There are 2 protein chains.
Amino acid sequence: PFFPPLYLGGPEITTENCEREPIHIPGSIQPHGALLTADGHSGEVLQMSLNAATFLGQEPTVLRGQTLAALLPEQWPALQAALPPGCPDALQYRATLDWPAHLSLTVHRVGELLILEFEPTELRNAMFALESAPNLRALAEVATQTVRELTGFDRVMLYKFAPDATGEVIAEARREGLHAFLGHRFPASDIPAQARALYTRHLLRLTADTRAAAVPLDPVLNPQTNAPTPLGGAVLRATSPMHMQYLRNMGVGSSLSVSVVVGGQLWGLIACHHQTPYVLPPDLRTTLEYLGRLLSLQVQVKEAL
Amino acid sequence: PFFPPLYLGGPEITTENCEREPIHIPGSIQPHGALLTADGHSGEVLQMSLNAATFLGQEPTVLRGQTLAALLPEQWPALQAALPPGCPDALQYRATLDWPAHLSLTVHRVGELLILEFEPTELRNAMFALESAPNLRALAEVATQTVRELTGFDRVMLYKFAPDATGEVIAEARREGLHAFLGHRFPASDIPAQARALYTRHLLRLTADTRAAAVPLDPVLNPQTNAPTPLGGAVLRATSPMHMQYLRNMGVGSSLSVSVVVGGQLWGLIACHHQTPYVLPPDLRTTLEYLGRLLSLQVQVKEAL
Ligand SMILES: *C/C=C1/C(=C/c2[nH]c(/C=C3[NH+]=C(/C=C4\NC(=O)C(C=C)=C4C)C(C)=C\3CCC(=O)O)c(CCC(=O)O)c2C)NC(=O)[C@H]1C
Ligand SMILES: *C/C=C1/C(=C/c2[nH]c(/C=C3[NH+]=C(/C=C4\NC(=O)C(C=C)=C4C)C(C)=C\3CCC(=O)O)c(CCC(=O)O)c2C)NC(=O)[C@H]1C
């Protein structure tokens, strides 16, 4: 069972309790975007990332208590209609906002709360190539190469889970000069059980800068519930410090993975690294999510044979 | 063998490599004091903690290259005479400085380098009580109580090493309401082998604030050697982040220990905690060092019986 988060008196995580970190409720975000939460009926802004002024032009204490009707008059009606009470928490509303400089808006609903993520923003032959791979190994190779071409990441791996939850790099596409990880295996604890569970529900996550301090969300508890705000569905969620350290020690400045899900079970990850911090553009992330779903379908087919 | 320190490309320490942390050369200090290093012949200031202006009234780049003859005209001759080339690195010169507000100065020599520590500053019946204890347990109890009375620390333990380097609290004096650690045992890795080795040579160390960021020493390499500056003999040395985290998880804001050395081997520690950060005053530290040496002598006697 999860430890309380750090802002509810919980301990700092060590290797003795990797699996107890409540990674879904860090009460903080990554600094390359801003996050607000708002009441799902009134649109009242309830919580604000402390960097909100960087992206939204108003300080957290000024945004607090204003409504989405006032702040986002052109989106608020569409937002309400798209995300009614009781919809799945993976259902998203997306908009491109004009700002005096575009800003990508992504919204999802958890219970009675709307979670709004703001970040700056600017194939058919590839799909057929995945379809055309004659065996699992070839599929893995095509997938990693395709994703590397799409994203420009220094390394793209297909990381496969064994039944004991150990992991192995079974294919990779890599920049000239990087060491090989192909065939290397890793303990189950490197991607602990609560992360694997989260990754079965929320299919993409990332750390754009593995040295960047998390930006608090405040007030940290959702005022509706006096309880932590679920951020498993927010790509801007702060990453576990244990994993950030693993990445820094690996010389990785930016990391992103997409779940490969087969028969409702986490089969593996498309796992990406960059040496230098790097924000994969929002449109490239959406494409990569779609490729993950397509790869998932293809892996199910090839491994059966 | 030690990893390189973090400023020479070394990794961040994890539980897989506790013993490889080069804790003696962190290239940084605790913020409750200031540290300079100076050439042992010229007195030229070679390195400066980045907080030097807080204590010394001049910025690091202004202090750099000035001589101790200019900066400390009243102490420099005595300092030279007290710490000639080739003296033991545990030999100290101490002075009380008048400042516009006293400042404790502690100096030692390592090779051709003088290491100067600056921090703010403001029994016979007890010794006889240690002498008078009729057995090891009673000695342990008297020692912890005496140290607690001297220091005001919330907890004072006698932590004894077993031959396998596991540790046990064999006596303690504690504030009302604290849980007992008496009889609890701990793995050898909690005080890893390079720490135990350091603690056989340098008999007192502390962390005054277990949440305080370390203050860099710059330039970080000694310009004499283009190599790290040994800080094992400096009480202001930054503490291992692994240990700081252990203490925070324990609810300890301030920690200090004194080595108990029997037949040249590390027998145990007088180990002190405070819940709130706390700078044990310099004069109290000197007294506590002396009590450690006296306790060491007494333990040798009692355990033989
Ligand atoms: C005691 C806790 C530990 C720990 C926790 C942890 N790890 C993750 C997430 C990931 N770990 C990954 C591992 C690898 N990436 C690689 O490239 C390789 C080998 C080549 C390995 C073994 C990966 C891929 C992830 C997923 C996220 C990502 O793609 O960047 C989490 C969850 C992080 C989060 O979502 O907030 C946690 C809690 N990892 C350890 O090694 C120990 C120290
Ligand atoms: C993988 C590394 C780990 C680690 C490293 C570490 N620990 C120390 C120093 C100390 N540890 C102490 C342990 C205890 N204090 C207690 O009160 C109790 C139990 C009641 C224990 C087990 C102590 C007493 C010290 C000495 C310093 C002090 O008195 O505060 C070091 C060296 C620190 C330094 O001098 O810079 C290191 C590297 N400890 C772990 O638990 C693992 C994570």
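All chains are named by letter (A, B, ...) in the order of the sequence lines, taking the proteins before the strands, and each is independently numbered beginning at 1.
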Distance-only check: which donor-acceptor pairs of chain A and chain B lie under 3.5 Å?
residue: A:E12; atom: N; partner: B:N249; partner atom: OD1; Å: 2.9
residue: A:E12; atom: O; partner: B:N249; partner atom: ND2; Å: 3.0
residue: A:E12; atom: OE1; partner: B:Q245; partner atom: NE2; Å: 3.0
residue: A:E12; atom: OE1; partner: B:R248; partner atom: NH2; Å: 2.8
residue: A:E12; atom: OE2; partner: B:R248; partner atom: NE; Å: 2.7
residue: A:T15; atom: OG1; partner: B:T15; partner atom: OG1; Å: 2.7
residue: A:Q245; atom: NE2; partner: B:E12; partner atom: OE1; Å: 3.0
residue: A:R248; atom: NE; partner: B:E12; partner atom: OE2; Å: 2.7
residue: A:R248; atom: NH2; partner: B:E12; partner atom: OE1; Å: 2.8
residue: A:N249; atom: OD1; partner: B:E12; partner atom: N; Å: 2.9
residue: A:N249; atom: ND2; partner: B:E12; partner atom: O; Å: 3.0

| note | So, the part of B:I13 with a heavy atom under 4.5 Å from chain A: the answer is backbone

| task | Check side chain to side chain contact (heavy atoms under 4.5 Å, CB included) between B:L8 and all other residues, then give those that pass, not counting sequence neighbours. | result |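 Per chain and number, B:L8 pairs via side chain to side chain contact (heavy atoms under 4.5 Å, CB included) with B:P4, B:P5, B:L221, B:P228.
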
| message | Tell me which pairs pass salt bridge (charged side-chain N to carboxylate O under 4.0 Å, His left out) where either residue lies in residues 270-279 of chain A, with sequence neighbours left out. | response |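 Passing the test, one end in residues 270-279 of chain A: no pairs.
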
| field | Pairs satisfying salt bridge (charged side-chain N to carboxylate O under 4.0 Å, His left out), at least one member in residues 26-36 of chain A, at least two apart | value |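 Passing the test, one end in residues 26-36 of chain A: no pairs.
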
